[PDB]
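> Structure below; questions to follow.
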Amino acid sequence: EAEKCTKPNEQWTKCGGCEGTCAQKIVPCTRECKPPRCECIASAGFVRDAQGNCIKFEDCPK
């Protein structure tokens, strides 16, 4: 059971730093994964808004 965070979206991830966007569910990345910590999750369907804000894909701008 991976500890969960308090705010939505931001959830436990074993590899942060890289993620997805409203245009690229998965961004190409090498062995550059930030340490394990609460953050966004592309494997789930969360994207990062231009405001560097992790939010569901449905919460994307029109």
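By convention in this document, the chains of the structure tokens carry letters A, B, ... by their order, each chain's residues are numbered from 1, and ligands are numbered from 1 in the order they are shown.
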Applying 10 Å and only C-alpha atoms, which residues near range 40-54 of chain A remain after dropping the ones on its own chain fewer than 5 positions away? List them as a JSON list (two decimals) with C-alpha atoms, in the first residue's frame.

[["chain", "number", "residue", "atom", "x", "y", "z"],
["A", 8, "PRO", "CA", -6.14, 14.93, -5.21],
["A", 9, "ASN", "CA", -3.99, 14.20, -8.29],
["A", 10, "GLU", "CA", -0.75, 14.54, -6.30],
["A", 11, "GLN", "CA", -0.30, 10.87, -5.36],
["A", 12, "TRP", "CA", 2.65, 8.70, -4.42],
["A", 13, "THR", "CA", 5.02, 8.00, -7.28],
["A", 14, "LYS", "CA", 8.24, 6.01, -7.30],
["A", 15, "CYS", "CA", 9.56, 8.06, -10.24],
["A", 16, "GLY", "CA", 8.67, 11.76, -10.39],
["A", 17, "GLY", "CA", 10.20, 14.59, -12.41],
["A", 18, "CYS", "CA", 8.78, 13.40, -15.74],
["A", 19, "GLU", "CA", 5.09, 12.97, -16.50],
["A", 20, "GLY", "CA", 2.43, 13.69, -19.12],
["A", 21, "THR", "CA", 0.62, 16.73, -20.49],
["A", 22, "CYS", "CA", -2.63, 17.64, -22.23],
["A", 23, "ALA", "CA", -0.70, 16.88, -25.41],
["A", 24, "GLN", "CA", 1.66, 14.03, -24.44],
["A", 25, "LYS", "CA", 0.38, 11.44, -21.95],
["A", 26, "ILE", "CA", 4.02, 10.30, -21.72],
["A", 27, "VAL", "CA", 7.11, 12.43, -22.24],
["A", 59, "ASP", "CA", -9.76, 19.21, -16.12],
["A", 60, "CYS", "CA", -7.82, 20.40, -19.17],
["A", 61, "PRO", "CA", -8.58, 23.79, -20.78]]
> Could you pull out the strand (DSSP E or B) residues of chain A from DSSP and send them as a PDB file with N, CA and C atoms, in the first residue's frame?

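Contents of the output file selection_3.pdb:
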ATOM      1  N   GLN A  11      -0.277  12.191  -6.056  1.00  0.00           N
ATOM      2  CA  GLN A  11      -0.301  10.873  -5.361  1.00  0.00           C
ATOM      3  C   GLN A  11       1.114  10.305  -5.309  1.00  0.00           C
ATOM      4  N   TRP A  12       1.295   9.286  -4.531  1.00  0.00           N
ATOM      5  CA  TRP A  12       2.654   8.697  -4.418  1.00  0.00           C
ATOM      6  C   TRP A  12       3.164   8.204  -5.760  1.00  0.00           C
ATOM      7  N   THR A  13       4.407   8.484  -6.019  1.00  0.00           N
ATOM      8  CA  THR A  13       5.016   8.003  -7.281  1.00  0.00           C
ATOM      9  C   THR A  13       6.459   7.581  -7.003  1.00  0.00           C
ATOM     10  N   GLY A  16       9.283  10.443 -10.041  1.00  0.00           N
ATOM     11  CA  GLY A  16       8.665  11.756 -10.386  1.00  0.00           C
ATOM     12  C   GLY A  16       9.503  12.489 -11.435  1.00  0.00           C
ATOM     13  N   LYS A  34      12.965  11.521 -10.563  1.00  0.00           N
ATOM     14  CA  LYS A  34      13.148  12.121  -9.207  1.00  0.00           C
ATOM     15  C   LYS A  34      12.890  11.034  -8.136  1.00  0.00           C
ATOM     16  N   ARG A  37       8.252  10.175  -4.136  1.00  0.00           N
ATOM     17  CA  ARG A  37       7.585  11.261  -3.354  1.00  0.00           C
ATOM     18  C   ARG A  37       6.204  11.580  -3.947  1.00  0.00           C
ATOM     19  N   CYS A  38       5.383  12.244  -3.173  1.00  0.00           N
ATOM     20  CA  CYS A  38       4.029  12.628  -3.686  1.00  0.00           C
ATOM     21  C   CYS A  38       4.172  13.490  -4.945  1.00  0.00           C
ATOM     22  N   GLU A  39       3.405  13.179  -5.959  1.00  0.00           N
ATOM     23  CA  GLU A  39       3.501  13.987  -7.213  1.00  0.00           C
ATOM     24  C   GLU A  39       2.446  13.543  -8.235  1.00  0.00           C
ATOM     25  N   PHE A  46      -3.313  11.721 -15.291  1.00  0.00           N
ATOM     26  CA  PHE A  46      -3.192  13.133 -14.819  1.00  0.00           C
ATOM     27  C   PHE A  46      -2.219  13.902 -15.716  1.00  0.00           C
ATOM     28  N   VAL A  47      -2.573  15.125 -16.035  1.00  0.00           N
ATOM     29  CA  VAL A  47      -1.677  15.957 -16.907  1.00  0.00           C
ATOM     30  C   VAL A  47      -1.249  17.219 -16.165  1.00  0.00           C
ATOM     31  N   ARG A  48      -0.238  17.871 -16.680  1.00  0.00           N
ATOM     32  CA  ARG A  48       0.251  19.116 -16.015  1.00  0.00           C
ATOM     33  C   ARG A  48      -0.187  20.354 -16.803  1.00  0.00           C
ATOM     34  N   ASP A  49      -0.924  21.212 -16.147  1.00  0.00           N
ATOM     35  CA  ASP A  49      -1.404  22.448 -16.828  1.00  0.00           C
ATOM     36  C   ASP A  49      -0.242  23.413 -17.045  1.00  0.00           C
ATOM     37  N   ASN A  53       0.547  22.827 -13.012  1.00  0.00           N
ATOM     38  CA  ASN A  53      -0.425  22.280 -12.005  1.00  0.00           C
ATOM     39  C   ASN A  53      -0.949  20.911 -12.448  1.00  0.00           C
ATOM     40  N   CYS A  54      -0.722  19.915 -11.633  1.00  0.00           N
ATOM     41  CA  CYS A  54      -1.200  18.548 -11.998  1.00  0.00           C
ATOM     42  C   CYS A  54      -2.717  18.450 -11.838  1.00  0.00           C
ATOM     43  N   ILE A  55      -3.381  18.087 -12.901  1.00  0.00           N
ATOM     44  CA  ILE A  55      -4.864  17.962 -12.834  1.00  0.00           C
ATOM     45  C   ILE A  55      -5.350  16.871 -13.794  1.00  0.00           C
ATOM     46  N   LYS A  56      -6.466  16.283 -13.474  1.00  0.00           N
ATOM     47  CA  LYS A  56      -7.015  15.212 -14.361  1.00  0.00           C
ATOM     48  C   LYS A  56      -6.974  15.668 -15.823  1.00  0.00           C
TER      49      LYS A  56
END
